[PDB]
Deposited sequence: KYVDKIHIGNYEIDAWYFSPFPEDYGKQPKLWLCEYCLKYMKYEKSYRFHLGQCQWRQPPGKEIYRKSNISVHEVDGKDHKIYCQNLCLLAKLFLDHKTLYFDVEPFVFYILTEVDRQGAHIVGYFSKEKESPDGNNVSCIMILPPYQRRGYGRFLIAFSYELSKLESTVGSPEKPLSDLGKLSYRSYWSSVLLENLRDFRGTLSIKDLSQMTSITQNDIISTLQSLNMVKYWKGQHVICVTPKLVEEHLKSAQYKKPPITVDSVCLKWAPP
């Protein structure tokens, strides 16, 4: 019997996939997580006791982003081993293709939190290899289900690439991307490419955004905005074909914007 339902903060959330919590925790009906330190418990009474004991009101690590009540925390797998393992155990409940939850030292995690008077509440996260050989600026990305399809996920993609802009490199998410993930990247890419051509070689669109050319190209093929000439992909679009696509219904909700002004990060 596996964990199938968590209680975290003020939400109960059904599980989507199997997550390797220790067998004693699995056999429980419900798992109870401190929304700040991510400690998981088997009983409401231990949960309730911890709630009055817990002194954490925010994630560990450094607050590298803060605009309004949106915040992002940098947490190093090496410096916060237990926390990051709980994080991956939580994320595995909603990621089919994540395979890594105890070997956290090679990774750095970026926690997205929403702040109120009581504290900074975890919305989602993405992981990132300290040293990625395949040039992957994202390993796993996860938005908690009650926060999905409301901007936070795209915000993390943007934030992932702004760190890519500060390291002077291009990066692509590791694969396979989940179903919600595939649709969120194509949408982000489309929106960033379209609003760069309303405002260029493919190699230029690749350095101005740190999007890999394959991701640029494949998105432009999805828009029918690229011609092929003797083995080469060429952007072909009129400013009108950028503007209809840009104002089509899909790009109408006001996103949460990464204001680089408010990003207190420096490359290693």
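**OP:** Write out the missing regions of the deposited sequence in sequence order, one range per stretch.
**Re:** Missing from the model is only the stretch 200-203.
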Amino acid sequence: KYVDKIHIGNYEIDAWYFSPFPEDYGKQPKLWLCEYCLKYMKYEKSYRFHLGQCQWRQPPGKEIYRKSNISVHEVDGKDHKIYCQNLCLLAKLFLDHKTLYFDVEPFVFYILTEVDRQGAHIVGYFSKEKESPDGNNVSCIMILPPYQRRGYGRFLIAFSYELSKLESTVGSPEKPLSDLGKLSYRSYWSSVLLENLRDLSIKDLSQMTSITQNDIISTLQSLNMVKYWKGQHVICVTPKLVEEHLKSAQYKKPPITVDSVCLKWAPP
From here on, numbers count along this sequence of modelled residues.
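Original post:
So 42-50 or 233-241, which one's hotter by mean CA B-factor in the entry?
Top reply: The recorded data point to 233-241.
Subject >> Given 128-136 and 115-123, the range whose Cα B-factors average higher in the PDB entry >> reply: Result: 128-136.
Original post:
Which is it among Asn86, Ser178, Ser160, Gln148: the one with the largest CA B-factor in the entry?
Top reply: Spelled out: the listed residue with the top C-alpha B-factor is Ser178.
Subject >> Options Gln58, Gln55, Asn69, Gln28 - largest CA temperature factor per the record >> reply: Most elevated C-alpha B-factor of the set, per the entry: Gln28.
Subject >> Where the record places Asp103 (Cα B-factor, split into thirds across the chain) >> reply: Tercile = highest for this residue's CA B-factor.
Original post:
How does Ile256 rank on Cα B-factor within its chain, lowest, middle or highest third?
Top reply: Tercile = highest for this residue's CA B-factor.
Subject >> Chain-relative CA temperature factor third for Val226 >> reply: Highest third of the chain for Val226's C-alpha B-factor.
**OP:** Place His97 in the lowest, middle or highest third of its chain's C-alpha B-factors, as listed in the PDB entry.
**Re:** For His97, whose C-alpha B-factor we compare with every modelled residue in the chain, the answer is the middle third.
Subject >> Third assignment of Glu195 from its chain's C-alpha B-factors >> reply: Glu195: CA B-factor falls in the highest third of its chain.
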